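One chain follows as structure tokens, the form solved without flavin mononucleotide.
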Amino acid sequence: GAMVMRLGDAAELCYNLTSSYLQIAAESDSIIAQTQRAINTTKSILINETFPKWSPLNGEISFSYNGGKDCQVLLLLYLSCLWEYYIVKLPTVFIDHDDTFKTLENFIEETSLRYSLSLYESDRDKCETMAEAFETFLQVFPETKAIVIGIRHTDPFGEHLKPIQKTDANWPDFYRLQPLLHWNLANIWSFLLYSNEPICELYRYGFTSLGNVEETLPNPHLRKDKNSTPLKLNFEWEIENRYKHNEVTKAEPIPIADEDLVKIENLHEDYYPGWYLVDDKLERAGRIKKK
């Protein structure tokens, strides 16, 4: 049971859950309303600024997908916008690394099958920079004009970015399409939880940012401790009223890899899941101390 949707069914599903989220009753100072506003901005960037210029059907656009929560939100929104643009397999690139979490590798494969992506992966056993990996990608796919990237302004290297922006001089020449820049961490959790799509299950165990296996720990701000003030959940409504699937769209979480559970159990500590963190400044706090 692999939870596979043909691309059109995936796009329609994403349109429907996004539309459903936009119909949620919320007040003007809520996280849900802020997320609705962020969705509307993303939709305008894609439908008004992107698709009229570059074709998402003929290989002009590739989607950079790394399995993390930001890329996943953006992929759901991108699929929704394809459906909206055209009605109302997908070329995908993953820059792989030798120090990626196994659960994340598993999740990228599972989602490629779920959403009918056409996945290209760079070679994890080659020592090369991201720019170099993308140069090789462009040799394989020379028709590529633009690449969708799921970065936010609060991420490292996120400050000096715009929604439509040519690449750096040492990259292959393409336009970066960056439609998620204005999203905040709380918006990411709200939408992802409401969507009821499978997500990388490391977040369930207290990770808030999936860096590499050597540096990344569950977030210490989420550690359970009798003598801390208990954390409160900001996403109760979304979780309790999450989007209901049907026979075609039915899915399930996939458990973390055996090796990742061993690493988490060896900590002898328990954590709230990642969606108990809403401060963007602390997203990357779960990290081995280095000199």
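So that there is no doubt, residue numbering starts at 1 and follows the sequence shown. Only residues modelled in both forms are compared. Rigid core: the largest C-alpha set superposing within 1.5 Å between the two forms.
There is another form of the same protein, the form deposited with flavin mononucleotide bound; it is not shown, and what comes next is about it.
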Against flavin mononucleotide in the bound PDB entry, would residue 195 count as a contact residue? Criterion: heavy atoms within 4.5 Å. no
Look up in the bound PDB entry whether residue 77 has a non-hydrogen atom within 4.5 angstroms of flavin mononucleotide, and give yes or no. no
Is residue 106 a contact residue for flavin mononucleotide in the bound PDB entry, using a 4.5 Å heavy atom cut-off? no
Decide whether residue 114 counts as a contact residue for flavin mononucleotide in the bound PDB entry under a heavy atom distance cut-off of 4.5 Å. no
202, 219 and 282: each with a heavy atom within 4.5 Å of flavin mononucleotide in the bound PDB entry? no
Considering flavin mononucleotide in the bound PDB entry, which of 36, 249, 234, 64 comes within 4.5 Å of it through any heavy atom? 64
Residue within 4.5 Å of flavin mononucleotide in the bound PDB entry by heavy atom, from 125, 168, 214, 159, is 168
Give the residue ranges, in sequence order, where three or more consecutive C-alphas each shift by 2 Å or more between the shown form and the other one after rigid core alignment. 1-4
